[PDB]
Amino acid sequence: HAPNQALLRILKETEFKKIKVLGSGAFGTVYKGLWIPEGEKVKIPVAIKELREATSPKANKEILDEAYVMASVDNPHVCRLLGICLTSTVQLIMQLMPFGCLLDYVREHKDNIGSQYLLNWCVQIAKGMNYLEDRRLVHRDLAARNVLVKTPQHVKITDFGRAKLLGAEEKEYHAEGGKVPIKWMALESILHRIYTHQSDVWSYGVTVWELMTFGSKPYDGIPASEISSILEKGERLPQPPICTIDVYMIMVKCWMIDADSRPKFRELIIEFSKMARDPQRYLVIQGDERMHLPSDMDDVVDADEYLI
Ligand SMILES: *[C@H](CC(=O)NCCn1ccc2ncnc(Nc3ccc(Oc4cccc(C(F)(F)F)c4)c(Cl)c3)c21)CN(C)C
């Protein structure tokens, strides 16, 4: 393993300005804001998480471990952590992704989402995951809820709360126990708590299924405890109505019990790119041709153009 020379930037609180609330969770509130590094004549749209005063030492540690992972990744299809701020509670500053999570996006915009967007998103997520594989990172929580939308044309993988860096000689991560996203997990993760890049491929297949059904819940109504035996009997998620057999076969291959029989991310990039070149041959969507989606503010620059 090579040295990790990623830079962690510690921002001062007077450099960023909270504009409005975007969300509230167990761990603190998220604000829309601007990051205005002193004397640089640039304003960067950001989301700012300010942790709650009541957050435990254990929670703080876990959040900082997630920041470490996010600071260590740099790819157009993976979320961008700008830095953290050590005020009385920790604040985290990330690139603003104004269209929210992809799961919610596809549910809310399903009558205007055409085949080109769906296939491009699959390509993009596969590129991000391929990059994480190159970095020897196993995500362990890939799902449409954990993909952010910068613009309808550009998505990025997020939520590194479960991510693990494999050791140099290590091929599998062995987990301890807790509350796990069963319906996205590879069979070997459910049974034996084993995670690899190939178990992430399984989750990728489920993520694709979520997109192609415009945000349906996988195995809806089936309790999580029944999933493993359903899988062991050879049953899988059904073929979405818009999917040609070409697309469904790819998902099916992601859900092979033999981990080595599943596609690799680099191959998923290739197969979805082929399809993205002639999208209406691969996804059959009523009204496809018709569909369109969105495409002081002086000195504003996106985080992706503010390089270190
Ligand atoms: C869908 C995502 C969504 O819309 N969430 C609301 C907040 N929001 C709106 C736009 C936007 N852009 C960018 N980021 C966020 N939120 C956000 C999440 C996490 C975060 O920083 C961290 C980093 C590491 C760990 C944590 C945590 F403490 F563990 F939570 C937080 C920041 Cl700064 C911002 C945005 C959600 N859908 C319900 C699934």
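Residue numbering for the sequence shown follows our numbering, beginning at 10 and increasing consecutively. Don't be surprised by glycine CBs; every beta carbon is placed ideally from N, CA and C.
Each residue's CA atom was taken as its position, placing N121 and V87 some 25 Å apart. Between the alpha carbons of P66 and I134 lies a gap of roughly 33 Å.
Taking C-beta atoms as the reference points, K21 and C110 fail to come closer than 8 Å.
For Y40, there is no enclosing alpha helix (DSSP H); the residue is found in the beta strand (DSSP E) stretching over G37 to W44. Counting the other CB atoms within 10 Å of its CB gives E280 a total of 16 or more, which places it among the buried residues. Short note on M79: C-beta closer than 7 Å to some heavy atom of ligand 1.
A80 and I166 have their C-alpha atoms roughly 14 Å apart.
Here the alpha carbon of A184 sits roughly 5 Å from the alpha carbon of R202. In this structure, DSSP gives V87 an extended state, which the three-state scheme calls strand. Counting along the chain, no beta strand (DSSP E) covers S304, and no H or E run does either.
When distances are taken from the beta-carbon of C110 to the heavy atoms of ligand 1, the shortest one is below 7 Å.
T98 carries a coil assignment under DSSP once its states are collapsed to helix, strand and coil. Counting only the Cα atoms, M258 lies some 11 Å from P272. Boundaries of the beta strand (DSSP E) harbouring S33: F25 to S33, taken from the DSSP string.
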